[PDB]
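Residue numbers (the authors' numbering): 29 to 388. Each residue gets a CB set at the ideal place from its N, CA and C atoms; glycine is no exception.
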Amino acid sequence: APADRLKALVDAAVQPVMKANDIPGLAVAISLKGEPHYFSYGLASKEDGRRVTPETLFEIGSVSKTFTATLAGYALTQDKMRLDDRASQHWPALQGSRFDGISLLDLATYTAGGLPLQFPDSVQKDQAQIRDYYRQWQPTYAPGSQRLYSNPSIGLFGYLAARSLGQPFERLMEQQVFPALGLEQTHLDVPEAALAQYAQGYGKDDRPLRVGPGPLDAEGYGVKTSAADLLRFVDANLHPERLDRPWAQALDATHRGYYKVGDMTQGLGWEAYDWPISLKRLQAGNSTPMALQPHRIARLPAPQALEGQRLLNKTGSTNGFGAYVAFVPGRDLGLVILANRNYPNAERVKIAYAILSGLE
Ligand SMILES: *[B@@]1([O])O[C]([C]C([O])=O)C2=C1[C]=C(OC1=[C]N=[C][C]=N1)C([C])=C2[C]
Numbered sequence: 029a030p031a032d033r034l035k036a037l038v039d040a041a042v043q044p045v046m047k048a049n050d051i052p053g054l055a056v057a058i059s060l061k062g063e064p065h066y067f068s069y070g071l072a073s074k075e076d077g078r079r080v081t082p083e084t085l086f087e088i089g090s091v092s093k094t095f096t097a098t099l100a101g102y103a104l105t106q107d108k109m110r111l112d113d114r115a116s117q118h119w120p121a122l123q124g125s126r127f128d129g130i131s132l133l134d135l136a137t138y139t140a141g142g143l144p145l146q147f148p149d150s151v152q153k154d155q156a157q158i159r160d161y162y163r164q165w166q167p168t169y170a171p172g173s174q175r176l177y178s179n180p181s182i183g184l185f186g187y188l189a190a191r192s193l194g195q196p197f198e199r200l201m202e203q204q205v206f207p208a209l210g211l212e213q214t215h216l217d218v219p220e221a222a223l224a225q226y227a228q229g230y231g232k233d234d235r236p237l238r239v240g241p242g243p244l245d246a247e248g249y250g251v252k253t254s255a256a257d258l259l260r261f262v263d264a265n266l267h268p269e270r271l272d273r274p275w276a277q278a279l280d281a282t283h284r285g286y287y288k289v290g291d292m293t294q295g296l297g298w299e300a301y302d303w304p305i306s307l308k309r310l311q312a313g314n315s316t317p318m319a320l321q322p323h324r325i326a327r328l329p330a331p332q333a334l335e336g337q338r339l340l341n342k343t344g345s346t347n348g349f350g351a352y353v354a355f356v357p358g359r360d361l362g363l364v365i366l367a368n369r370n371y372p373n374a375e376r377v378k379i380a381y382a383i384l385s386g387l388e
């Protein structure tokens, strides 16, 4: 039967990668021809034997950047900001700093001039420390020239988008974004009543790891969600026209490419590839050098619609978790893979590619 073939395909993609990477628990959700399919494996917590289900909450790390991009898309639709605004327009504390010469687009797409991967360990989760960090920062190279993947960069983009809307970022996400997207199992701060669903994360020697507080954590990497809710977010990305118009436009704003680095076209949050493309090329686009090294960009003459025969994706990790999301707009196909180990991105893409190739 078709259910046996689909389970065989997903099990064959997942099971060897879970064993090889010692992943305790993993949830898959697939959207195929307008229908959801869930496959759950292993344990959300090894110690109490709680099994993974499509409702288990996982940390999705930098997949959160696609939610941040959606909130910024909403601020853009409301005309509260423009991508070509100077960053300091939205935060007076930054007036007179180098952010007078950096656009919101540069922050969103990691091209502001060398903002680092992480905030320095000296910057705690404190408004004054974050403010002072940005006031004193000076670019290593010209804005708009080199991409250096960065939590302070897109984190400031999200923070400024929230300021443009006159409310804190976390509040806008809880009170407006998640409800508009129909997401009731998606959190920045997991409620006490939902804690029984929160998987344990595992690191070296199975040390337990759940994400701790950090500066602009919500904007950069702070979402916890289930495979079922993350697939609902993928389905909203596949069909923005099904949402009320302002939210449809917010999602559309995340489907616009601004420049290329190798095979990857950078949108707001989402990273896109031509589809089909080899597995080795998709792994290279999601590789450690893409996260850690600067790359010169090839700017597009106009923003490009990220639709049709393309694969849009994002990896996300925390110390204890490893997520991957991918969708193909022109095929009405979406996939989520959530795990409670930070296992190599190449292995996440390997599972996804085996599934997507087998569905085809
Ligand atoms: B984010 O999850 O994207 C990358 C990792 C990946 O999967 O591509 C990344 C992200 C955040 C991040 O900082 C961080 C992560 N967890 C906790 C605290 N900070 C880093 C360092 C990286 C590489």
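Counting of Cβ neighbours within 10 angstroms places residue 270 among the exposed residues, the total staying below 16. By the Cβ rule, the stretch 156 to 171 does not count as touching the stretch 198 to 207, because fewer than three pairs are nearer than 8 Å.
Pairing residue 183 with residue 277, the inter-Cα distance amounts to about 21 Å. For ligand 1, a non-hydrogen atom lies closer than 7 Å to the CB of residue 89. Residue environment for residue 316: exposed (fewer than 16 other C-beta atoms within 10 angstroms of its C-beta). Straight across, the Cα-Cα distance linking residue 360 with residue 296 is about 21 Å.
Between residue 301 and residue 266, the beta carbon gap of about 16 Å keeps them out of contact (Cβ cut-off 8 Å). In the DSSP assignment, residue 327 falls within the unbroken beta strand (DSSP E) covering 326 to 333. For residue 195, the secondary structure class from DSSP, reduced to helix, strand or coil, is coil.
Beta bridge pairing from DSSP links residue 65 with 58. With a cutoff of 7 Å, residue 145 counts as near ligand 1, since its C-beta is closer than that to a heavy atom of the ligand. Excluding residues up to 5 positions away in sequence, 41, 42, 45, 365 lie with their Cβ nearer than 7 Å to the Cβ of residue 379 in the same chain.
Counting only unbroken stretches of 3 or more residues, the beta strand (DSSP E) elements lying wholly within the stretch 266 to 341 are 284 to 289, 292 to 294, 299 to 302, 326 to 333, in sequence order.
Inter-segment contact for the stretch 368 to 376 and the stretch 228 to 239 is present: three or more beta-carbon pairs are separated by less than 8 Å. Only exposed fits residue 168, as fewer than 16 other CB atoms lie within 10 angstroms of its CB. In this structure, residue 293 lies near residue 332, with their beta-carbon atoms less than 8 Å apart. Comparing alpha-carbon positions, the option among 252, 381, 39, 74 lying closest to residue 309 turns out to be 381. According to the DSSP secondary-structure assignment, residue 356 is paired through a beta bridge with 361. By the Cβ criterion, the stretch 251 to 259 is in contact with the stretch 86 to 95, since at least three pairs of Cβ atoms, one from each stretch, lie closer than 8 Å. Around the CB of residue 375, 16 or more other CB atoms lie within 10 Å, so the residue is classed as buried. Distance from the Cα of residue 244 is smallest, within the candidate group 362, 186, 61, for 186.
Per the Cβ contact rule, the stretch 165 to 180 is in contact with the stretch 123 to 142 (3 or more Cβ pairs under 8 Å). For the 8 Å CB-CB criterion, residue 85 and residue 77 do not form a contact. Annotated as proximal: residue 192 and residue 108, with beta-carbon spacing under 8 Å. DSSP places residue 39 inside the alpha helix (DSSP H), whose first and last residues are 30 to 48.
The DSSP-derived three-state label of residue 343 is strand. The shortest CA-to-CA distance from residue 154 to any of 50, 242, 181 is the one to 242. A distance below 8 Å between beta-carbons, with the five flanking residues on each side excluded, links residue 142 to the following residues of its chain, in chain order: 167, 168, 169, 174, 176, 322. For residue 344, the shortest separation between its Cβ and any heavy atom of ligand 1 lies below 7 Å. Beta bridge pairing from DSSP links residue 85 with 226. Within the chosen limit of 7 Å, ligand 1 reaches the beta carbon of residue 249 through at least one heavy atom. Proximity to residue 96 across 57, 180, 212 peaks at 180, based on C-alpha coordinates. Residue 174 carries a strand assignment under DSSP once its states are collapsed to helix, strand and coil. Taking 7 Å as the cut-off, the C-beta of residue 239 counts as close to a heavy atom of ligand 1.
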